[PDB]
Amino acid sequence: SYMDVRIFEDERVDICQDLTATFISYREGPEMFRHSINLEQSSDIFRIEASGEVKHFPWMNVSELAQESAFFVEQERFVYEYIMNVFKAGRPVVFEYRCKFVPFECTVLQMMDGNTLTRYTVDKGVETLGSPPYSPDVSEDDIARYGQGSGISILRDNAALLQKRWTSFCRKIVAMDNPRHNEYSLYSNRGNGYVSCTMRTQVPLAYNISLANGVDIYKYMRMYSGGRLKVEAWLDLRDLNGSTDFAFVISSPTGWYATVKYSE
């Protein structure tokens, strides 16, 4: 074609050991939550948008996700009480449960407005890391105590079942992961000097896209309806200082990376 894509593989990295599932709950407004689960080197494997839209992959049976659904149902109740009883104003808040299943262990993070307020580890207590900007009427004590989160027993009492199910999902991801199955593309906008690089894929890994010479780019990922993902980045030529030779590097935690650039 117009671009060339070189693929570099050294040794495949198995990312499914020491499995650690992160359950995220974001209360945006009244009965408006975005829930998501991911593994340590994956992007979201399961997600419920606040719109009610359910995003997952075709190899997952969502009906079989009873325990996690029950966990999120608990977060909806828990976060509702917390907000009404303490804040009294429905400001947005996030709770993040980072859980190892064997041996069972959770870390709970609470964030408001980009700021992390509390970290709850069961060995330590609640560590207060920050205070929310417009909360003069709210006590640090109350915030810390809610930093403990709720619902962890749903996860603990079902650890072995969750470890099995999520190890299976992890292995499926590792199994489908093939850099040659993804689609790569570049666009150059002559008018404004921008170049975009895009990778479409159906394999939810925590990909990293950057430019070979270190120049900053703007990047993000999008998750769509049918197990479809998009990694995308933007370059402003003239951040290159007169040059015109650049390459996007896209790297996967499984140990391969691809260079995408223009040639002859």
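Note that residue numbering begins at 1 and tracks the sequence as displayed.
Looking at the entry, does 99-107 or 175-183 show the higher mean C-alpha B-factor?
Between 175-183 and 99-107, it is 99-107 that shows the higher mean C-alpha B-factor.
Highest mean C-alpha temperature factor of the two stretches 115-123 and 157-165, which is it?
Result of the comparison: 115-123.
In the PDB entry, which of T201, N208, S42, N61 has its C-alpha at the highest B-factor?
Comparing C-alpha B-factors across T201, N208, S42, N61, the maximum falls on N61.
Highest Cα temperature factor in the entry, among the options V73, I83, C170, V94: which one is it?
Answer for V73, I83, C170, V94: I83, with the highest C-alpha B-factor.
Using the B-factor values recorded in the entry, state whether the Cα atom of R238 falls in the lowest, middle or highest third among the modelled residues of its chain.
Highest third of the chain for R238's C-alpha B-factor.
Select lowest, middle or highest to describe the third in which the CA B-factor of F78 falls within its chain in this entry.
It belongs to the middle third of the chain when residues are ordered by C-alpha B-factor.
Assigned third (lowest, middle, highest) for the C-alpha B factor of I250
Lowest third, going by the recorded CA B-factors of the chain.
Lowest, middle or highest third - CA B-factor, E49
Middle third by C-alpha B-factor.
Of the three thirds of its chain by CA temperature factor, lowest, middle or highest, which one includes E28?
Middle third.
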